[PDB]
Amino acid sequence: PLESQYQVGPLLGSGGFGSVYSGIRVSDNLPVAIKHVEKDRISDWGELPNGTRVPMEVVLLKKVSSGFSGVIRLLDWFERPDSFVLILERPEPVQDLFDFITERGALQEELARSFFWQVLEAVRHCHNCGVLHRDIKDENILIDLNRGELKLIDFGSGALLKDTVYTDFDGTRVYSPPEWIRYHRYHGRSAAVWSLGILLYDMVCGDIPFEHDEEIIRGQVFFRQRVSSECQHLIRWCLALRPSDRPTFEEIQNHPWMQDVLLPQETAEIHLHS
């Protein structure tokens, strides 16, 4: 088979996640993203039913890639002596929610609402498939700027969803809940709902609410921009210091602020086109 059925293009980015490149599938000019993960930097390993020892991201993406969904799909993967190479779907034109907020600042509530709903729909899909992302943030959300469809990326800090406590967090500290900071213990859904509150505030305020551990432990949110009282209410609910006091994905989606959402194409025509 060999790994030269893809044509390598510009390096999209690099970090602890490895290196991501823009690619093209030679067989049908399909756009793809190629991620190279060094074997040494793999924290949590997984195993495929056939016995192959692989990165956990491959396990979790195979559980959620039975599309369609708001999750970037794993098309293929390869093993090399000192690395693993993942072939993922690449929307085009595409923009990162982090870069989108860097350019446009605080998003209008109608846009934040459409974007936030699609994340909820995507996260619910991962949970329905027994996968937990565990690093929900603007940097891990791509926008298909023509279709106005958002898609989740980077399951490298994810895990299989479980009803017991997690005592491992390899995600963004400023997006981590107070219970992780204090006890180094959290539960999947409530820790996902905290991060969703950090995300919605980031959308509507143009920045995360907390920079340091004390601000997190305190969990008191100051609104720097004009934001509706219903939106502030949902944010503060998602950011309840006690996990049990946070909403469920159903309660978030049934909140008065989450009503009369736009469809992806309407959002792109009103807010993204031109």
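In this text, residue numbers run from 1 along the sequence as written. For the two forms, the rigid core is made up of the largest set of C-alpha atoms that agree within 1.5 Å on superposition.
Between stretches 250-258 and 14-22, greater average Cα displacement in 4 other deposited structures of this protein relative to the shown form, fitted by the core, falls on 14-22.
Relative to the displayed structure, the C-alphas of 67-75 lie farther away on average in 4 other deposited structures of this protein than those of the other candidate, with 67-75 and 149-157 compared after rigid core superposition. Relative to its counterpart among 192-200 and 68-76, 68-76 has the higher mean temperature factor, C-alpha atoms as listed in the PDB entry.
Across the two stretches, 51-59 and 230-238, the PDB entry reports the greater mean Cα temperature factor for 51-59. Highest C-alpha temperature factor among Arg182, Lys151, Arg124, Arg113, as the PDB entry reports it: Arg182. The PDB entry gives the largest Cα B-factor of the residues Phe98, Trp117, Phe169, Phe155 to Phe169. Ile24 sits in the highest third of its chain by CA B factor, as recorded in the PDB entry.
Annotation for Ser244: CA B-factor lies in the lowest third of the chain's modelled residues. Residue-level temperature factors show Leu263 in the highest third of its chain, judged at the C-alpha atom.
Annotation for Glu109: CA B-factor lies in the middle third of the chain's modelled residues. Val37 sits in the highest third of its chain by CA B factor, as recorded in the PDB entry.
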